[PDB]
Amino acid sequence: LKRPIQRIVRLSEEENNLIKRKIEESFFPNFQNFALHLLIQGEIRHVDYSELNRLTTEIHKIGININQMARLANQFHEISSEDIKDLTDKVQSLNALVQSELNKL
């Protein structure tokens, strides 16, 4: 025999009905030929979001500044109106760093 190896795929009733539609929408007449082609041609794709790593790292160091401001405000229980608008500026600068490093992509 040309193909003596037999592999089984087990299916639910709905999964089987999906398979039937895919066969009909395919170029192939029957399951054997549909499945053979797709198992051989289907290529696994790996996808990650490492292109954001540069942006994540620049946000992070803004983070550590805002973080130490917060630790200090909490240990001295004081905050000034100058600290508030200074925060606001750091916030609108994060808004800039985000649109910028994301258009770059």
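Throughout, we count residues from 1 along the sequence that is shown.
- Higher mean CA temperature factor, per the PDB entry, when comparing 90-98 with 17-25: 90-98.
- Here 36-44 and 71-79 are compared by their mean Cα B-factor, and 71-79 comes out higher.
- In this PDB entry, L1 carries a Cα temperature factor that places it within the middle third of its chain's modelled residues.
- Ranked by C-alpha B-factor against the other modelled residues of its chain, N30 falls in the lowest third.
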